[PDB]
Amino acid sequence: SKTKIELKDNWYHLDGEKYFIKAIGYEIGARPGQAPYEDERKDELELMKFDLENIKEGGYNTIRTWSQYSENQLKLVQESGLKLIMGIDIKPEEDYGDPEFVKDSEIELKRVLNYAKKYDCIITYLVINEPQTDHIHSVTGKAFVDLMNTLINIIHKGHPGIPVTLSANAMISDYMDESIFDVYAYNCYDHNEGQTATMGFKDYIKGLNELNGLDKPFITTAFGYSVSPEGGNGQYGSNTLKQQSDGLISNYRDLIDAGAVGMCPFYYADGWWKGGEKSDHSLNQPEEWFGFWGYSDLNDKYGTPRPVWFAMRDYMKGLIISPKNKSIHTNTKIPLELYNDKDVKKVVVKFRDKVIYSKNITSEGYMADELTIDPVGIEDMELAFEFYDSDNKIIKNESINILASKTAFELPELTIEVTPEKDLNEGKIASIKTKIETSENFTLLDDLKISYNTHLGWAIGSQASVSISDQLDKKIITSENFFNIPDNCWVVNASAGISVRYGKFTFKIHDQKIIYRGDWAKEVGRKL
Ligand SMILES: OC[C@H]1O[C@@H](O[C@@H]2[C@@H](O)[C@H](O[C@@H]3[C@@H](O)[C@H](O)O[C@H](CO)[C@H]3O)O[C@H](CO)[C@H]2O)[C@H](O)[C@@H](O)[C@@H]1O
Ligand SMILES: OC[C@H]1O[C@@H](O)[C@H](O)[C@@H](O)[C@@H]1O
């Protein structure tokens, strides 16, 4: 009598009902003094009970993991009521083409499935975490793609009806074909650099979903901020607790706006192990301070929640999927899509302090309806949503900003032409020629940003800020920027973008090219 999972209209459905995955990343075996990949493996059931209870009280309906649970650990999750997105420990730096590696991975996965298939709390498998561009280049995309297929197929037979995808960072694996998987997924971070500086976070991830083809559900397997005392660069590491909390909420809205119907904020609690020494909480390792919970000292096995925990719990009470923030509408009818928890009994939408939508909610979960708006010409509109509880008291406010008209209209447009256009082998030097078709009434703000992300490990590559002050009054605004191509660049994401404003509506216009060195990515690269 197990949960039927159906993927359609780019949503997960459980037992016929659309189901927004409100997950959180969760790693057991990562208390101070512990390292989950090196220590003798323990079930840690007492600490899991504490954690699973905390996570239910934090508002989540799902956990997301990196490493397979034992049967004992799975049964506890099963009995908790939470859903599980279970990662499999398939070492990313290993040779995917090595028959011993393949066989060990297959034997291990089959061992897991043999009991895991009894536990219907599992709603997705993640078959690998974070394969690096250069490594794939080195062992070949075919080795990679063949391994993914092998494991996908073993899961489809061993635990039927459960979707399979992977954990892949959007900043380094933008180029990758994800069409072999059942759902599209990225780890998504907003550090306002490279792709996220040009396109902005919303538009970057949405672009990838469009390139993917808008034909499967899309989820995020990670996002968030580190509150390390120091270390990192820009917004990576070294955030305040307030920055962390405000950042998760900005991320949550943005990624919904990119089409996500499942969310795995990163993550439950700090892992001191992650910067190298598990017994020490290093002041300058961003990676050891990503938790929504932190530990006081080496002996603290429990920890306490940081402000982000409470902001997230509050934010998740009522989710707005449509309309989307920074969306453009040319109809008077706007799709409304909500995912309410059981405490939301009424939703109101206001424009300029006037009710345009009111509805008593009698059942939790997904609901669709339509908003009627009445824009004059091209009208920027802050849509003020209000969620109320059973006592008619507001428990959440959220704005959705739209740009609306009853009639089709012109936006300013940014396109790029990139050289080499199609094959990096054709020269040692690149160019990005940007062209902005302006539109009066739309103000271009600040600097044009250019990114030539050559994908060398985590490094962003060259960027450039170009002033367009001297050109603001022209219909067509141009720029040409040059970049040296590293010999070990196998793929590049070349992009450009600028901020635009219409009344109080601010957004970005941008364009993007993904360009490969040779035919190395015939198998692994996205086919359009
Ligand atoms: O089980 C698979 C794999 O796990 C690795 O350890 C993982 C980390 O890779 C992971 O890293 C996070 C990213 O997935 C996410 O996108 O961003 C955050 C912030 O930058 C990263 O920390 O974190 C989890 C949880 O601590 C770890 O379990 C192993 O290193 C690897 O050997 C193993 O195959
Ligand atoms: O410096 C390396 C780090 O850079 C960040 O942008 C990534 O999100 C991290 O996962 C990575 O380990």
# chains A, B, ... in the order shown; residues from 1 in each chain; ligands from 1
call {"tool": "residues_near_ligand", "arguments": {"ligand": "ligand 2", "cutoff": "10 Å", "atoms": "only C-alpha atoms and all ligand atoms", "output": "PyMOL selection string"}}
result
chain A and resi 130+169-172+187-191+193+222-225+231-237+275+285-287+457-460
call {"tool": "residues_around", "arguments": {"residues": "segment 37-54 of chain A", "least_positions_apart": "4", "cutoff": "9 Å", "atoms": "only C-alpha atoms", "output": "tab-separated table (two decimals) with N, CA, C and O atoms, in the first residue's frame"}}
result
chain	number	residue	atom	x	y	z
A	26	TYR	N	20.41	17.39	5.55
A	26	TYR	CA	20.57	16.84	6.88
A	26	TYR	C	21.73	15.83	6.86
A	26	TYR	O	21.62	14.83	6.18
A	28	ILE	N	23.65	13.33	9.45
A	28	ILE	CA	23.97	12.65	10.70
A	28	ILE	C	25.45	12.25	10.66
A	28	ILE	O	26.03	12.05	9.59
A	29	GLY	N	26.04	12.16	11.84
A	29	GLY	CA	27.41	11.73	12.02
A	29	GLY	C	28.40	12.89	11.86
A	29	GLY	O	29.57	12.63	11.59
A	58	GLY	N	10.57	22.65	12.65
A	58	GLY	CA	11.06	23.76	11.84
A	58	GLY	C	10.22	23.98	10.58
A	58	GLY	O	10.45	24.97	9.87
A	59	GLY	N	9.35	23.02	10.23
A	59	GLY	CA	8.32	23.20	9.23
A	59	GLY	C	8.55	22.36	7.98
A	59	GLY	O	7.77	22.48	7.03
A	63	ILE	N	13.71	15.43	4.41
A	63	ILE	CA	15.15	15.62	4.56
A	63	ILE	C	15.88	15.18	3.29
A	63	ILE	O	15.39	14.35	2.53
A	67	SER	N	24.63	10.55	1.83
A	67	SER	CA	25.16	9.23	2.07
A	67	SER	C	24.01	8.32	2.50
A	67	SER	O	23.21	8.72	3.33
A	69	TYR	N	21.47	5.77	4.13
A	69	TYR	CA	21.15	5.34	5.49
A	69	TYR	C	21.15	3.81	5.60
A	69	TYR	O	20.91	3.15	4.60
A	70	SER	N	21.43	3.28	6.80
A	70	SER	CA	21.21	1.87	7.10
A	70	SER	C	19.71	1.62	7.21
A	70	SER	O	18.94	2.56	7.27
A	72	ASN	N	18.09	0.45	9.83
A	72	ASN	CA	17.76	1.05	11.12
A	72	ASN	C	17.52	2.55	10.98
A	72	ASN	O	16.56	3.09	11.49
A	73	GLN	N	18.41	3.27	10.31
A	73	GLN	CA	18.26	4.74	10.20
A	73	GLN	C	17.05	5.08	9.31
A	73	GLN	O	16.35	6.05	9.63
A	76	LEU	N	13.60	4.72	11.14
A	76	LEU	CA	13.35	5.87	11.99
A	76	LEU	C	12.78	7.04	11.18
A	76	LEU	O	11.87	7.71	11.64
A	77	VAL	N	13.34	7.28	9.99
A	77	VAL	CA	12.85	8.35	9.14
A	77	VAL	C	11.44	8.00	8.70
A	77	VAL	O	10.56	8.87	8.66
A	80	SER	N	9.05	8.77	11.33
A	80	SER	CA	9.00	10.18	11.67
A	80	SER	C	7.87	10.89	10.92
A	80	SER	O	7.40	11.92	11.40
A	82	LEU	N	8.57	12.23	7.98
A	82	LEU	CA	9.28	13.02	6.98
A	82	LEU	C	9.54	12.18	5.74
A	82	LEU	O	9.66	10.97	5.87
A	268	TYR	N	21.03	21.69	7.94
A	268	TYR	CA	20.55	21.66	9.33
A	268	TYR	C	21.57	22.17	10.34
A	268	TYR	O	21.22	22.99	11.19
A	301	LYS	N	26.52	18.18	21.72
A	301	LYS	CA	26.03	17.21	20.75
A	301	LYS	C	24.67	17.62	20.17
A	301	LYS	O	24.14	16.88	19.35
A	302	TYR	N	24.13	18.78	20.58
A	302	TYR	CA	22.75	19.17	20.32
A	302	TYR	C	22.70	20.46	19.52
A	302	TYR	O	22.03	20.51	18.48
call {"tool": "closest_residue", "arguments": {"among": "A:399, A:65, A:251, A:179", "to": "residue 149 of chain A", "atoms": "only C-alpha atoms"}}
result
A:179
call {"tool": "select_by_dssp", "arguments": {"residues": "segment 127-200 of chain A", "states": "alpha helix (DSSP H)", "output": "list in words"}}
result
residues 133, 134, 135, 136, 137, 138, 139, 141, 142, 143, 144, 145, 146, 147, 148, 149, 150, 151, 152, 153, 154, 155, 156, 157, 158, 195, 196, 197 and 198 of chain A
call {"tool": "write_last_selection", "arguments": {"atoms": "N, CA and C atoms", "output": "CSV table (one decimal), in the first residue's frame"}}
result
chain,number,residue,atom,x,y,z
A,133,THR,N,34.0,19.5,-13.5
A,133,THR,CA,34.2,19.6,-14.9
A,133,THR,C,35.5,18.9,-15.4
A,134,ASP,N,36.7,19.2,-14.8
A,134,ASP,CA,38.0,18.7,-15.3
A,134,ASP,C,38.0,17.2,-15.2
A,135,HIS,N,37.5,16.7,-14.1
A,135,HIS,CA,37.6,15.2,-13.8
A,135,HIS,C,36.8,14.5,-14.9
A,136,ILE,N,35.6,14.9,-15.2
A,136,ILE,CA,34.8,14.3,-16.2
A,136,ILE,C,35.6,14.4,-17.6
A,137,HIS,N,36.1,15.6,-17.9
A,137,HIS,CA,37.0,15.7,-19.0
A,137,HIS,C,38.0,14.6,-19.1
A,138,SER,N,38.7,14.4,-17.9
A,138,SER,CA,39.8,13.5,-17.8
A,138,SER,C,39.4,12.0,-17.9
A,139,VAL,N,38.3,11.6,-17.3
A,139,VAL,CA,37.9,10.2,-17.4
A,139,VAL,C,37.0,10.0,-18.5
A,141,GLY,N,33.4,11.9,-20.7
A,141,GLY,CA,32.0,12.1,-20.5
A,141,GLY,C,31.2,10.8,-20.7
A,142,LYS,N,31.7,10.0,-21.6
A,142,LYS,CA,31.1,8.7,-21.9
A,142,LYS,C,31.2,7.8,-20.6
A,143,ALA,N,32.4,7.8,-20.0
A,143,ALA,CA,32.5,7.0,-18.8
A,143,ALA,C,31.5,7.5,-17.8
A,144,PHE,N,31.4,8.8,-17.6
A,144,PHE,CA,30.4,9.5,-16.7
A,144,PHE,C,29.0,9.1,-17.1
A,145,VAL,N,28.6,9.3,-18.3
A,145,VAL,CA,27.2,9.1,-18.7
A,145,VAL,C,26.8,7.6,-18.6
A,146,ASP,N,27.7,6.7,-18.9
A,146,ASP,CA,27.5,5.3,-18.8
A,146,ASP,C,27.3,4.8,-17.3
A,147,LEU,N,28.0,5.5,-16.4
A,147,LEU,CA,27.9,5.2,-15.0
A,147,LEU,C,26.5,5.6,-14.5
A,148,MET,N,26.2,6.9,-14.9
A,148,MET,CA,24.8,7.4,-14.5
A,148,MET,C,23.8,6.5,-15.0
A,149,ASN,N,23.7,6.1,-16.3
A,149,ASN,CA,22.7,5.2,-16.8
A,149,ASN,C,22.7,3.9,-16.0
A,150,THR,N,23.9,3.2,-15.7
A,150,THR,CA,23.9,2.0,-15.0
A,150,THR,C,23.2,2.1,-13.6
A,151,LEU,N,23.5,3.2,-12.9
A,151,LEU,CA,22.9,3.3,-11.6
A,151,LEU,C,21.5,3.7,-11.6
A,152,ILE,N,21.1,4.5,-12.6
A,152,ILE,CA,19.7,4.9,-12.8
A,152,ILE,C,18.9,3.7,-13.0
A,153,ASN,N,19.4,2.8,-13.8
A,153,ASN,CA,18.6,1.6,-14.3
A,153,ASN,C,18.5,0.7,-13.1
A,154,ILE,N,19.5,0.5,-12.3
A,154,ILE,CA,19.5,-0.4,-11.1
A,154,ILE,C,18.5,0.1,-10.1
A,155,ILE,N,18.4,1.5,-10.0
A,155,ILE,CA,17.4,2.0,-9.1
A,155,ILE,C,15.9,1.8,-9.6
A,156,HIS,N,15.7,2.1,-10.9
A,156,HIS,CA,14.4,1.9,-11.5
A,156,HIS,C,13.9,0.5,-11.3
A,157,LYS,N,14.8,-0.5,-11.5
A,157,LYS,CA,14.4,-1.9,-11.2
A,157,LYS,C,14.3,-2.3,-9.7
A,158,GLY,N,15.3,-1.8,-8.9
A,158,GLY,CA,15.4,-2.3,-7.5
A,158,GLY,C,14.4,-1.6,-6.6
A,195,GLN,N,28.0,34.0,-13.5
A,195,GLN,CA,26.7,33.8,-14.0
A,195,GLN,C,25.7,34.6,-13.1
A,196,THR,N,25.8,34.6,-11.8
A,196,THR,CA,24.8,35.2,-10.9
A,196,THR,C,24.9,36.7,-10.9
A,197,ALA,N,26.1,37.2,-11.3
A,197,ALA,CA,26.3,38.7,-11.4
A,197,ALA,C,25.7,39.2,-12.7
A,198,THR,N,25.7,38.4,-13.8
A,198,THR,CA,25.3,38.9,-15.1
A,198,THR,C,23.8,38.7,-15.2
call {"tool": "closest_atom_pairs", "arguments": {"of": "segment 55-151 of chain A", "to": "segment 312-316 of chain A", "cutoff": "12 Å", "atoms": "only C-alpha atoms", "output": "CSV"}}
result
residue,atom,partner,partner_atom,distance
A:55,CA,A:313,CA,9.6
A:56,CA,A:313,CA,9.8
A:57,CA,A:313,CA,8.2
A:58,CA,A:313,CA,5.1
A:59,CA,A:313,CA,5.2
A:60,CA,A:313,CA,7.9
A:61,CA,A:316,CA,10.3
call {"tool": "write_last_selection", "arguments": {"atoms": "C-alpha atoms", "output": "PDB file, in the first residue's frame"}}
result
ATOM      1  CA  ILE A  55      13.229  19.443  11.617  1.00  0.00           C
ATOM      2  CA  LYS A  56       9.485  18.648  11.865  1.00  0.00           C
ATOM      3  CA  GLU A  57       9.062  21.584  14.302  1.00  0.00           C
ATOM      4  CA  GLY A  58      11.056  23.757  11.843  1.00  0.00           C
ATOM      5  CA  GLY A  59       8.319  23.197   9.229  1.00  0.00           C
ATOM      6  CA  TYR A  60      10.030  20.806   6.778  1.00  0.00           C
ATOM      7  CA  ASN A  61       8.246  17.817   5.201  1.00  0.00           C
TER       8      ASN A  61
END
call {"tool": "atom_distance", "arguments": {"atom1": "atom CA of residue 503 of chain A", "atom2": "atom CA of residue 382 of chain A"}}
result
10.6 Å
call {"tool": "select_by_dssp", "arguments": {"residues": "segment 63-251 of chain A", "states": "strand (DSSP E)", "output": "JSON, numbers by chain"}}
result
{"A": [63, 64, 83, 84, 85, 86, 87, 122, 123, 124, 125, 126, 127, 128, 129, 164, 165, 166, 167, 184, 185, 186, 187, 218, 219, 220, 221, 222]}
call {"tool": "residues_around", "arguments": {"residues": "residue 21 of chain A", "least_positions_apart": "5", "cutoff": "7 Å", "atoms": "only C-alpha atoms", "output": "PyMOL selection string"}}
result
chain A and resi 61-62+261-263
call {"tool": "decode", "arguments": {"residues": "segment 405-440 of chain A", "atoms": "N, CA, C and O atoms", "output": "PDB file, in the first residue's frame"}}
result
ATOM      1  N   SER A 405       0.668  44.477 -18.361  1.00  0.00           N
ATOM      2  CA  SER A 405      -0.074  45.247 -19.348  1.00  0.00           C
ATOM      3  C   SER A 405      -1.167  44.352 -19.914  1.00  0.00           C
ATOM      4  O   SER A 405      -1.007  43.145 -19.941  1.00  0.00           O
ATOM      5  N   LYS A 406      -2.241  44.947 -20.406  1.00  0.00           N
ATOM      6  CA  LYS A 406      -3.273  44.206 -21.108  1.00  0.00           C
ATOM      7  C   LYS A 406      -2.843  43.887 -22.534  1.00  0.00           C
ATOM      8  O   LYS A 406      -3.552  43.162 -23.214  1.00  0.00           O
ATOM      9  N   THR A 407      -1.720  44.458 -22.993  1.00  0.00           N
ATOM     10  CA  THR A 407      -1.295  44.328 -24.377  1.00  0.00           C
ATOM     11  C   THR A 407       0.212  44.066 -24.418  1.00  0.00           C
ATOM     12  O   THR A 407       0.975  44.605 -23.616  1.00  0.00           O
ATOM     13  N   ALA A 408       0.614  43.162 -25.317  1.00  0.00           N
ATOM     14  CA  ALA A 408       2.002  42.925 -25.683  1.00  0.00           C
ATOM     15  C   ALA A 408       2.792  44.236 -25.735  1.00  0.00           C
ATOM     16  O   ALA A 408       2.274  45.236 -26.250  1.00  0.00           O
ATOM     17  N   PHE A 409       4.053  44.211 -25.257  1.00  0.00           N
ATOM     18  CA  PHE A 409       4.876  45.420 -25.242  1.00  0.00           C
ATOM     19  C   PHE A 409       6.362  45.065 -25.348  1.00  0.00           C
ATOM     20  O   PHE A 409       6.757  43.929 -25.149  1.00  0.00           O
ATOM     21  N   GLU A 410       7.168  46.082 -25.661  1.00  0.00           N
ATOM     22  CA  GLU A 410       8.591  45.926 -25.914  1.00  0.00           C
ATOM     23  C   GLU A 410       9.349  46.000 -24.609  1.00  0.00           C
ATOM     24  O   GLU A 410       9.163  46.944 -23.865  1.00  0.00           O
ATOM     25  N   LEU A 411      10.247  45.042 -24.394  1.00  0.00           N
ATOM     26  CA  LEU A 411      11.279  45.154 -23.365  1.00  0.00           C
ATOM     27  C   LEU A 411      12.597  45.591 -23.993  1.00  0.00           C
ATOM     28  O   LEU A 411      12.865  45.331 -25.156  1.00  0.00           O
ATOM     29  N   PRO A 412      13.513  46.215 -23.231  1.00  0.00           N
ATOM     30  CA  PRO A 412      14.878  46.389 -23.714  1.00  0.00           C
ATOM     31  C   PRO A 412      15.513  45.007 -23.725  1.00  0.00           C
ATOM     32  O   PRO A 412      15.178  44.178 -22.894  1.00  0.00           O
ATOM     33  N   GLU A 413      16.437  44.791 -24.660  1.00  0.00           N
ATOM     34  CA  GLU A 413      16.951  43.480 -24.992  1.00  0.00           C
ATOM     35  C   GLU A 413      18.472  43.517 -25.036  1.00  0.00           C
ATOM     36  O   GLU A 413      19.041  44.417 -25.663  1.00  0.00           O
ATOM     37  N   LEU A 414      19.104  42.511 -24.410  1.00  0.00           N
ATOM     38  CA  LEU A 414      20.541  42.348 -24.429  1.00  0.00           C
ATOM     39  C   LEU A 414      20.884  41.028 -25.111  1.00  0.00           C
ATOM     40  O   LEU A 414      20.521  39.978 -24.607  1.00  0.00           O
ATOM     41  N   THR A 415      21.649  41.098 -26.213  1.00  0.00           N
ATOM     42  CA  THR A 415      22.212  39.908 -26.839  1.00  0.00           C
ATOM     43  C   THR A 415      23.744  39.995 -26.904  1.00  0.00           C
ATOM     44  O   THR A 415      24.335  41.079 -26.974  1.00  0.00           O
ATOM     45  N   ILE A 416      24.397  38.827 -26.901  1.00  0.00           N
ATOM     46  CA  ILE A 416      25.839  38.787 -27.068  1.00  0.00           C
ATOM     47  C   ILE A 416      26.169  37.939 -28.281  1.00  0.00           C
ATOM     48  O   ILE A 416      25.440  37.006 -28.596  1.00  0.00           O
ATOM     49  N   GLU A 417      27.292  38.275 -28.923  1.00  0.00           N
ATOM     50  CA  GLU A 417      27.944  37.435 -29.915  1.00  0.00           C
ATOM     51  C   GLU A 417      29.314  37.098 -29.353  1.00  0.00           C
ATOM     52  O   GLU A 417      30.045  38.019 -29.013  1.00  0.00           O
ATOM     53  N   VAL A 418      29.655  35.803 -29.328  1.00  0.00           N
ATOM     54  CA  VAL A 418      30.877  35.315 -28.711  1.00  0.00           C
ATOM     55  C   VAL A 418      31.781  34.698 -29.781  1.00  0.00           C
ATOM     56  O   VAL A 418      31.299  34.063 -30.717  1.00  0.00           O
ATOM     57  N   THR A 419      33.098  34.972 -29.640  1.00  0.00           N
ATOM     58  CA  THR A 419      34.154  34.428 -30.492  1.00  0.00           C
ATOM     59  C   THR A 419      35.226  33.759 -29.624  1.00  0.00           C
ATOM     60  O   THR A 419      35.541  34.251 -28.551  1.00  0.00           O
ATOM     61  N   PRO A 420      35.744  32.556 -29.952  1.00  0.00           N
ATOM     62  CA  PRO A 420      35.086  31.602 -30.852  1.00  0.00           C
ATOM     63  C   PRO A 420      33.645  31.342 -30.438  1.00  0.00           C
ATOM     64  O   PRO A 420      33.361  31.194 -29.258  1.00  0.00           O
ATOM     65  N   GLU A 421      32.786  31.276 -31.446  1.00  0.00           N
ATOM     66  CA  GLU A 421      31.363  31.077 -31.303  1.00  0.00           C
ATOM     67  C   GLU A 421      31.039  29.654 -30.854  1.00  0.00           C
ATOM     68  O   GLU A 421      30.119  29.499 -30.064  1.00  0.00           O
ATOM     69  N   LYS A 422      31.772  28.642 -31.338  1.00  0.00           N
ATOM     70  CA  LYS A 422      31.328  27.261 -31.208  1.00  0.00           C
ATOM     71  C   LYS A 422      32.433  26.290 -30.773  1.00  0.00           C
ATOM     72  O   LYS A 422      32.117  25.214 -30.236  1.00  0.00           O
ATOM     73  N   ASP A 423      33.703  26.648 -30.983  1.00  0.00           N
ATOM     74  CA  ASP A 423      34.805  25.736 -30.707  1.00  0.00           C
ATOM     75  C   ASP A 423      36.012  26.533 -30.214  1.00  0.00           C
ATOM     76  O   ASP A 423      36.679  27.217 -30.985  1.00  0.00           O
ATOM     77  N   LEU A 424      36.305  26.384 -28.923  1.00  0.00           N
ATOM     78  CA  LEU A 424      37.407  27.078 -28.279  1.00  0.00           C
ATOM     79  C   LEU A 424      38.752  26.755 -28.935  1.00  0.00           C
ATOM     80  O   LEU A 424      39.690  27.521 -28.743  1.00  0.00           O
ATOM     81  N   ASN A 425      38.876  25.641 -29.671  1.00  0.00           N
ATOM     82  CA  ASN A 425      40.152  25.303 -30.285  1.00  0.00           C
ATOM     83  C   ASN A 425      40.520  26.273 -31.409  1.00  0.00           C
ATOM     84  O   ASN A 425      41.648  26.230 -31.892  1.00  0.00           O
ATOM     85  N   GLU A 426      39.556  27.091 -31.849  1.00  0.00           N
ATOM     86  CA  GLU A 426      39.735  27.911 -33.034  1.00  0.00           C
ATOM     87  C   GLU A 426      40.533  29.176 -32.714  1.00  0.00           C
ATOM     88  O   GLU A 426      40.820  29.921 -33.624  1.00  0.00           O
ATOM     89  N   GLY A 427      40.896  29.420 -31.438  1.00  0.00           N
ATOM     90  CA  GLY A 427      41.805  30.508 -31.101  1.00  0.00           C
ATOM     91  C   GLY A 427      42.165  30.578 -29.622  1.00  0.00           C
ATOM     92  O   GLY A 427      41.513  29.953 -28.790  1.00  0.00           O
ATOM     93  N   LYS A 428      43.160  31.397 -29.282  1.00  0.00           N
ATOM     94  CA  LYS A 428      43.663  31.452 -27.917  1.00  0.00           C
ATOM     95  C   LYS A 428      42.996  32.600 -27.167  1.00  0.00           C
ATOM     96  O   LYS A 428      43.037  32.674 -25.941  1.00  0.00           O
ATOM     97  N   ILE A 429      42.310  33.462 -27.921  1.00  0.00           N
ATOM     98  CA  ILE A 429      41.719  34.654 -27.362  1.00  0.00           C
ATOM     99  C   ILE A 429      40.235  34.686 -27.669  1.00  0.00           C
ATOM    100  O   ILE A 429      39.833  34.395 -28.800  1.00  0.00           O
ATOM    101  N   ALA A 430      39.451  35.111 -26.668  1.00  0.00           N
ATOM    102  CA  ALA A 430      38.019  35.227 -26.872  1.00  0.00           C
ATOM    103  C   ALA A 430      37.551  36.684 -26.908  1.00  0.00           C
ATOM    104  O   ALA A 430      38.259  37.602 -26.472  1.00  0.00           O
ATOM    105  N   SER A 431      36.362  36.886 -27.493  1.00  0.00           N
ATOM    106  CA  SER A 431      35.647  38.145 -27.313  1.00  0.00           C
ATOM    107  C   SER A 431      34.160  37.933 -27.015  1.00  0.00           C
ATOM    108  O   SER A 431      33.544  36.995 -27.533  1.00  0.00           O
ATOM    109  N   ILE A 432      33.595  38.894 -26.259  1.00  0.00           N
ATOM    110  CA  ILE A 432      32.157  39.022 -26.077  1.00  0.00           C
ATOM    111  C   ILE A 432      31.736  40.412 -26.551  1.00  0.00           C
ATOM    112  O   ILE A 432      32.026  41.401 -25.893  1.00  0.00           O
ATOM    113  N   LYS A 433      30.983  40.462 -27.655  1.00  0.00           N
ATOM    114  CA  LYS A 433      30.353  41.683 -28.139  1.00  0.00           C
ATOM    115  C   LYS A 433      28.921  41.768 -27.597  1.00  0.00           C
ATOM    116  O   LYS A 433      28.097  40.899 -27.894  1.00  0.00           O
ATOM    117  N   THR A 434      28.636  42.788 -26.772  1.00  0.00           N
ATOM    118  CA  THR A 434      27.308  42.957 -26.188  1.00  0.00           C
ATOM    119  C   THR A 434      26.556  44.026 -26.988  1.00  0.00           C
ATOM    120  O   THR A 434      27.151  45.014 -27.414  1.00  0.00           O
ATOM    121  N   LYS A 435      25.236  43.831 -27.112  1.00  0.00           N
ATOM    122  CA  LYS A 435      24.352  44.765 -27.788  1.00  0.00           C
ATOM    123  C   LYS A 435      23.081  44.912 -26.955  1.00  0.00           C
ATOM    124  O   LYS A 435      22.414  43.929 -26.656  1.00  0.00           O
ATOM    125  N   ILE A 436      22.817  46.146 -26.526  1.00  0.00           N
ATOM    126  CA  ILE A 436      21.637  46.483 -25.765  1.00  0.00           C
ATOM    127  C   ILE A 436      20.736  47.349 -26.641  1.00  0.00           C
ATOM    128  O   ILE A 436      21.115  48.457 -27.044  1.00  0.00           O
ATOM    129  N   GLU A 437      19.557  46.795 -26.943  1.00  0.00           N
ATOM    130  CA  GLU A 437      18.462  47.521 -27.547  1.00  0.00           C
ATOM    131  C   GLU A 437      17.670  48.144 -26.412  1.00  0.00           C
ATOM    132  O   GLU A 437      16.988  47.451 -25.667  1.00  0.00           O
ATOM    133  N   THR A 438      17.772  49.465 -26.299  1.00  0.00           N
ATOM    134  CA  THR A 438      17.105  50.185 -25.240  1.00  0.00           C
ATOM    135  C   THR A 438      15.637  50.382 -25.610  1.00  0.00           C
ATOM    136  O   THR A 438      15.183  50.187 -26.744  1.00  0.00           O
ATOM    137  N   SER A 439      14.957  50.874 -24.590  1.00  0.00           N
ATOM    138  CA  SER A 439      13.554  51.185 -24.547  1.00  0.00           C
ATOM    139  C   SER A 439      13.431  52.324 -23.545  1.00  0.00           C
ATOM    140  O   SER A 439      13.819  52.193 -22.379  1.00  0.00           O
ATOM    141  N   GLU A 440      12.886  53.442 -23.995  1.00  0.00           N
ATOM    142  CA  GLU A 440      12.663  54.577 -23.112  1.00  0.00           C
ATOM    143  C   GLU A 440      11.584  54.157 -22.108  1.00  0.00           C
ATOM    144  O   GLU A 440      10.793  53.228 -22.358  1.00  0.00           O
TER     145      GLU A 440
END
